[PDB]
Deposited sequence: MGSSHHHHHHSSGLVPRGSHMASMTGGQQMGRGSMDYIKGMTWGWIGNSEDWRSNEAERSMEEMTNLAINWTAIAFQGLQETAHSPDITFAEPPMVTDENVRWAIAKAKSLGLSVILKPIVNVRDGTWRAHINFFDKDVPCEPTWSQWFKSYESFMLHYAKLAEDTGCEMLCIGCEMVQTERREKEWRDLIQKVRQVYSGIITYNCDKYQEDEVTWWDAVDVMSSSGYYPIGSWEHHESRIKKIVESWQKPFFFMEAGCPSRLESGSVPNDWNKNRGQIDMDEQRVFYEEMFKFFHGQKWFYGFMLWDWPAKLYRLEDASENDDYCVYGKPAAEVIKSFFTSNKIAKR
């Protein structure tokens, strides 16, 4: 079967993740471009050994049950096979990360249905069936392509209390995908998921503000030791924007207000407190686009991407450092 502690059972193979997310938001036209190959090749100069191939599925509202995927403008299955194979050809292990977004712009963490099944109303059973179709489609692609890990959800905060349905989904994923399973909880939520034992590896979105990282190392260490599972950050990063380090999760904050040093300071602090601890298994950073801006435009770019910015050198020196390279 599957239940295990600090190491996933051998049949599913823990590696220290030195990663960068690639491809968000998952647009077929961007992934099919020439430019996509150049972008992924450049990403390898971060001295990463993993990438999360990340792309969206879509539902209309936070309270609608039906998820669409693999229809324009979203990635085709061939686009996904290409990205996985390209990453493996560059020496990377792959986390496949299908993420549901909401067409009306609502953050997916608010996706939610009534606790009670009411006749005229959308139900959890309807949404889980649609979510299962989406995730099992990509679990089968992950198996076919040899992805080392599958992330079965991201920041789905207002679904996490649905423990029986998450465990049922996981059992269905295990029947079609034989690699490592993680679930990416949101910032601050590491001790709030009741079903961590059903996945192989715990992970979170480590969007902790400047000045908090020492506190969160102590907090997360205790949580991870209580669960006896490997843990890593499935997202971590900061836009190169004025004050972004106070709310590094806020992708809409202070657009166009450039601050290279804010991003650099965020990364220096994060690596100062989360490095080689034996209970900790590293970083899947956020993020790197399929269409990468020119190097000459980097100093005026406001994105999470570190290409051409001082934070990139903090990342490379951390990932190539012996203390990390020995893990």
Checklist entry - Where along the deposited sequence are residues missing from the model? => result 1 to 8, 22 to 34
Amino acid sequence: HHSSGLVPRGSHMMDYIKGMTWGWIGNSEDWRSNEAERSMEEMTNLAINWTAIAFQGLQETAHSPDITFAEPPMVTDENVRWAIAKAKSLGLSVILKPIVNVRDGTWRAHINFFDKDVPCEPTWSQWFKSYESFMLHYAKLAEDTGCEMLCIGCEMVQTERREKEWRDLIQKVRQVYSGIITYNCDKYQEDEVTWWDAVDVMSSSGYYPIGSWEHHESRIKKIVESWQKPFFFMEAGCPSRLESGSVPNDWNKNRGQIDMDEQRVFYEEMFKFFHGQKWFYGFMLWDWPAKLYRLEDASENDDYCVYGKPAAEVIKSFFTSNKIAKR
From here on, numbers count along this sequence of modelled residues.
Checklist outcome for this item: Per the PDB entry, mean CA B-factor is higher for 186 to 194 or 115 to 123, namely for 115 to 123
Item to check | Mean temperature factor over C-alpha atoms, higher-scoring stretch between 47 to 55 and 30 to 38 | outcome: 30 to 38
Item to check | Out of 146, 98, 256, 206, residue topping the C-alpha B-factor column of the entry | outcome: 256
Checklist outcome for this item: One of 230, 237, 153, 105 has the largest Cα B-factor in the entry, namely 105
Next on the checklist: How does the C-alpha B factor of residue 23 compare with the rest of the chain: lowest, middle or highest third?
Outcome noted: lowest
Next on the checklist: What third of the chain does residue 243 rank in for C-alpha temperature factor, lowest, middle or highest?
Outcome noted: highest
Checklist entry - Where does residue 141 sit by CA temperature factor within its chain: lowest, middle or highest third? => result middle
Next on the checklist: Test of reading the entry: by CA B factor among the chain's modelled residues, which third contains residue 166?
Outcome noted: lowest
Next on the checklist: Based on the deposited C-alpha B factors for this chain, I'd like to know if residue 71 is in the lowest, middle or highest third.
Outcome noted: highest
